[PDB]
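J.:
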Amino acid sequence: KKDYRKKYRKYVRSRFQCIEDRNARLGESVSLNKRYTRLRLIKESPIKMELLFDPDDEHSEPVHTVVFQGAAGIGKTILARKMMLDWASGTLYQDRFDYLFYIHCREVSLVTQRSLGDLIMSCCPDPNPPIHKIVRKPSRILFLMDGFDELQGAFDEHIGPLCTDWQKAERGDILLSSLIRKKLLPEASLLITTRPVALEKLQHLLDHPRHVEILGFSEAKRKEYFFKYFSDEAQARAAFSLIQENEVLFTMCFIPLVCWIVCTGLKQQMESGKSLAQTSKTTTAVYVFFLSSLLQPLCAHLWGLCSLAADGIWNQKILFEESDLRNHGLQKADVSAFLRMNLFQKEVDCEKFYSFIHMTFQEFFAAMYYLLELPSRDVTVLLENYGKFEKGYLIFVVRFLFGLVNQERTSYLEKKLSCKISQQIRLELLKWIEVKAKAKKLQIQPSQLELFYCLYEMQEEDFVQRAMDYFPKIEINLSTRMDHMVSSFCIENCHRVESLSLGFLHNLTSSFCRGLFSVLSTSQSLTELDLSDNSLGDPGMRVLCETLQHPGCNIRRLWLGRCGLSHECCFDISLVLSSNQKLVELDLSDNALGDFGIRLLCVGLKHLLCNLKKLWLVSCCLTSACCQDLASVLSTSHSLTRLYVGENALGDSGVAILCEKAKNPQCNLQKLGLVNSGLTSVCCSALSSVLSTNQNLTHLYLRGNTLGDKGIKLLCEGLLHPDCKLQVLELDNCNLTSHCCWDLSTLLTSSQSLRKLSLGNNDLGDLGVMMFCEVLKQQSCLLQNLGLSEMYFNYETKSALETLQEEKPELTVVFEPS
Ligand SMILES: Nc1ncnc2c1ncn2[C@@H]1O[C@H](COP(=O)(O)OP(=O)(O)OP(=O)(O)O)[C@@H](O)[C@H]1O
Ligand SMILES: CN1CCC[C@@H](Nc2nnc(-c3ccc(C(F)(F)F)cc3O)c3c2CCC3)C1
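Going left to right, the sequence shown walks through residues 133 to 176, 201 to 453, 462 to 537, 553 to 686, 725 to 1035 as UniProt numbering numbers them.
1. State the Cα-Cα distance for the pair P1034 and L948, rounded to the nearest angstrom.
2. Taking the runs of the beta strand (DSSP E) that are 3 residues or longer, which of them lie wholly in the UniProt repeat "LRR 2" (771 to 792)?
3. Find the nearest neighbour of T407 within the set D983, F383, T439 and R393, judged by alpha-carbon distance.
4. I'd like the span of the alpha helix (DSSP H) that includes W243, first residue to last.
5. Given a cut-off of 8 Å on the beta-carbon distance, is the pair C598 and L536 in contact?
6. Per DSSP, which one or two residues make a beta bridge with residue 551?
7. Going by DSSP, what residue range makes up the alpha helix (DSSP H) through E877?
8. Is it right to say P882 is buried, meaning 16 or more other beta carbons lie within 10 angstroms of its own, or is it exposed?
9. Shorter than 7 Å, the distance from the beta carbon of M205 to the closest heavy atom of ligand 1, or not?
10. According to DSSP, is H314 helix, strand or coil?
11. Starting from the Cα of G890, find the closest Cα among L562, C819, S836 and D846 and give me that residue.
12. Can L583 be considered in contact with ligand 1, in the sense that its beta carbon sits closer than 7 Å to one or more heavy atoms?
13. Using a threshold of 8 Å, state whether the C-beta atoms of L943 and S898 are closer than that.
14. In chain order, what residues of the same chain have a beta carbon less than 6 Å from the beta carbon of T1014, not counting five sequence neighbours either side?
15. Distance, Cα to Cα, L822 vs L792?
16. Using a threshold of 7 Å, is the CB atom of residue 723 nearer than that to any non-hydrogen atom of ligand 1?
17. Can you tell me whether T966 is helix, strand or coil according to DSSP?
18. Please report the residue range of the beta strand (DSSP E) in which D804 lies.
19. Determine, using beta carbons only, whether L993 and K1025 come nearer to each other than 8 Å.
20. When you compare the CB positions of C669 and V577, do they come within less than 8 Å of one another, or not?
21. What did DSSP end up calling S975 once you bin it into helix, strand or coil?
22. Is it buried or exposed for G977, if we count other Cβ within 10 angstroms and need 16 for buried?
23. Quick one: is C900 buried, meaning 16 or more other Cβ sit within 10 Å of its Cβ, or exposed?
24. State whether the region 211 to 219 contacts the region 241 to 261, with contact taken as three or more CB pairs (one from each stretch) at a distance under 8 Å.
25. Looking at the unbroken alpha helix (DSSP H) that takes in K942, where does it start and where does it end?
26. Determine the DSSP secondary structure at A866, reduced to helix, strand or coil.
27. Looking only at C-alpha atoms, which of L777, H685 and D755 sits nearest to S749?
28. Are there three or more Cβ pairs, one per stretch, closer than 8 Å when the region 357 to 367 is compared with the region 146 to 162?
29. What's the call for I417, buried or exposed, on a 16-neighbour Cβ count within 10 Å?
30. Is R337 a contact residue of ligand 2, with contact defined as CB to any heavy atom under 7 Å?
31. Helix, strand or coil: which one does DSSP assign to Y918?
32. On the criterion of 16 or more Cβ atoms from any shown chain inside 10 Å, does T524 qualify as buried, or is it exposed?
33. Relative to the C-alpha of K379, which candidate in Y168, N911 and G226 has its C-alpha closest?
34. For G1004, does the three-state DSSP call read helix, strand or coil?
35. For a test of the three-state rule: what should DSSP assign to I203, helix, strand or coil?
36. To the nearest angstrom, report how far apart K423 and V414 are at their CA atoms.
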């Protein structure tokens, strides 16, 4: 006679009022979830806490599945709890979902066979809810899978027997897969929280997810967290100030877990009348510091604890029974000690399982196990399984293992580590880096950013430098301040990096990136800097321009890409060209360098001592109005030899102006990249004058103009001139047809300077090609690709071309279409 939804909501509202559903809450005080600090959500572009499933603007298409992703300790699990509570309180999705079902991926194993009893297991104490009634209705429920990457057991996407029908019992991975794929209870919305490392598995199940990334605390939010943690503002201020001075620790504290660990550590020593010691710089240092302060005041059974953690990692166990603790010599002692000073939790949510505070802690202890004095005790085995889902990726186990190896160590727990073992681990870790650094493949295992963090953690100059000698190239993507901090350290200590690519991600449009650019200026060996495909807008270009004026810059190639360069920022680029004596190549493609921007660039290019040799201005929205300045550069500049100005709005007068100055016999222009300049037959005579006059012009690219048959005739007259030295002529779709084939045939026999001639997607016809085959037999000087790309023929012509390829081997490539 009563509506179960009311009781369900009450149960959820009462249950989800604890951060970790645990005891040992600083004397088991009220959790007070009001302490929650707002996390920012970014759509893979800020998104509201609500409207996560709502339809987008395009086609009003709704999303059933939403996936949250983020770093360990970012608070994925807490955000999920907050949503659950806000719903139960009638604030979030008040009119969208009747039930929210929390699934703890730490509790649900894959091996055990079971029906979809999740709707009962996570509900109120009443064992017989109305499953067949309102609970049955699709589109009215939301599932929350919290910690996909924490699932214990092997998990494959390759499941045939998905087994729909909630009434039937099946294996956990099968049941899970069916729900994720929306085969089980179709139209049931699903929210997943996971570390990005598990996306390699989810990508095959989600099909059409919406992705949202979770960010950590902002500077203002960090302040709020620290204050909320303490009852005494004076203590919060003293603690905040200490951390703020430690720039490195403060940076790390953007992760909620890190600031939690730091706060707890400081509070515990504060209560003892200590001066608030804290010198941690690395993630490992924070965890070591925490355990040192916690256990030092105990550690006799630390080996057993480390063994327990190591066993759990290898045997796929997060939750432990009292029987498992007893089997490690842990009974009626350690558990109590770890509750008086929270190190280990009982998860007292009407349950008898024990666990670590966080998976990060469990991995820490497992790593510690490898440096002491029984699943392995072999680092080789540990490393070989690093990238495997089945072992939880072992990211922190290894990352901490690196951090725990050093010479600059003291007392307090870490003194119990064996020197001989540590030295052996160091050598094995270095060999591991060499192998992974060389194996430059796309994968979740080390991909040139993580081999870096796993180095930062070991602040030893000799080790890091030795490792860096295996990194001739660095290709990384920086997401947050933490990546900039690590990248800066690593790059600064590099001596043999020749090529660096920094794919900055949205945080730029700020001075934020300054922290890394200032490092590049001190490099002695860096040659190529690639800053393509990122929003290095005006202020980004400005800080880089300052960086590039440094006397120790030593950068030769500046490959800017779609940076969104504007009219004004080009000024700063000019100031680099006129000062920097080493820069050779510059690529400003796909920017808004309008006529104004080019004029400024040209001022720099005409400056004495500008040694720029290759200039790319492709797709720069250029018009004929600016060709006058580029023409002046070609005339006066002795160093510029390669110019690419295609994919612009140039006209006939545009190229003719460049030609009138480029024809000068003292011009050093070698490559004229008029790939797509909207050229017509009228302007061709200008190109002809240049070809017969410029003895340095070896390559002409007209791949996309509309030269036409009259145009090619005129171009031929130029090319046929005895003083023309052109080696490569590229004529892609120029709207040429059979009517001009007689001149192209003549060109092949009369011009002795050409080595390559390539016709592209144009209907030359069969007559032209057949003639080519015969004339090319007459001791032709053309050896390179004949082209005729994307052009198709009958069988007779194809046979002739195949014959040509074999009959005269001197022509390396005929390039038949098939
Ligand atoms: N908004 C917040 N307010 C207060 N504390 C927070 C917040 N977000 C995260 N924390 C801190 O994060 C810690 C919990 O980390 P959490 O369990 O969320 O990691 P996780 O990656 O979600 O783990 P799992 O993947 O197993 O769910 C808590 O100790 C808590 O203090
Ligand atoms: C994910 N994976 C591939 C991409 C690059 C790299 N990314 C990160 N890794 N680790 C942490 C990280 C956070 C917290 C703690 C601590 F809590 F233990 F201190 C350690 C960490 O190592 C973070 C990031 C980015 C966000 C914070 C590794």
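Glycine is no exception: its CB is placed at the ideal position from the N, C-alpha and C atoms.
T.: Once the coordinates are examined:
1. Straight-line Cα distance between these residues: approximately 17 Å.
2. Correct list: 774 to 777.
3. Selected option, being the one with the closest Cα: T439.
4. Note, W243: alpha helix (DSSP H), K232 to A244.
5. In this structure, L536 does not lie closer than 8 Å to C598 by Cβ.
6. The residue list of the chain ends a segment at 537 and starts the next at 553, so residue 551 has no coordinates to report.
7. That run of the alpha helix (DSSP H) goes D869 to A879.
8. With fewer than 16 other Cβ atoms within 10 Å, it is exposed.
9. No, since every heavy atom of ligand 1 falls outside the 7 Å radius drawn around the Cβ of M205.
10. Shown here, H314 sits in coil according to DSSP, grouped into three states, outside any helix or strand.
11. Of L562, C819, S836 and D846, the smallest CA-CA separation from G890 is found for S836.
12. No, the beta carbon of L583 sits no closer than 7 Å to any heavy atom of ligand 1.
13. No, the pair does not count as a contact, with Cβ atoms beyond the cut-off.
14. Its chain contains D983 and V986 as the residues whose beta carbon lies nearer than 6 Å to that of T1014, once the 5 sequence neighbours on both sides are disregarded; these appear in chain order.
15. One alpha carbon belongs to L822, the other to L792, and they sit about 10 Å apart.
16. Missing here is residue 723: after 686, the next number in the chain is 725.
17. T966: helix per DSSP, three-state reduction.
18. First-last of the beta strand (DSSP E) with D804: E802 to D804.
19. Yes.
20. In this structure, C669 keeps its C-beta atom at 8 Å or more from the C-beta atom of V577.
21. DSSP places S975 in strand when its eight states are reduced to three.
22. Buried.
23. Buried is the call here.
24. Too few Cβ pairs lie closer than 8 Å, so no.
25. Note, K942: premise wrong, no alpha helix (DSSP H); not H, not E.
26. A866 falls in the strand class under three-state DSSP.
27. Closest by C-alpha distance to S749, out of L777, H685 and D755, is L777.
28. Short answer: they don't touch.
29. Buried, because 16 or more other Cβ atoms sit within 10 Å of the Cβ of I417.
30. For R337, the CB stays at least 7 Å from every heavy atom of ligand 2.
31. Secondary structure at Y918: strand, using DSSP grouped into helix, strand and coil.
32. Buried, since its Cβ has 16 or more Cβ neighbours within 10 Å.
33. That would be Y168, whose Cα lies nearest to the Cα of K379.
34. Note: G1004 maps to strand in three-state DSSP.
35. Here DSSP, grouped into helix, strand and coil, assigns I203 to coil.
36. Straight-line measurement puts the Cα of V414 at about 14 Å from the Cα of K423.
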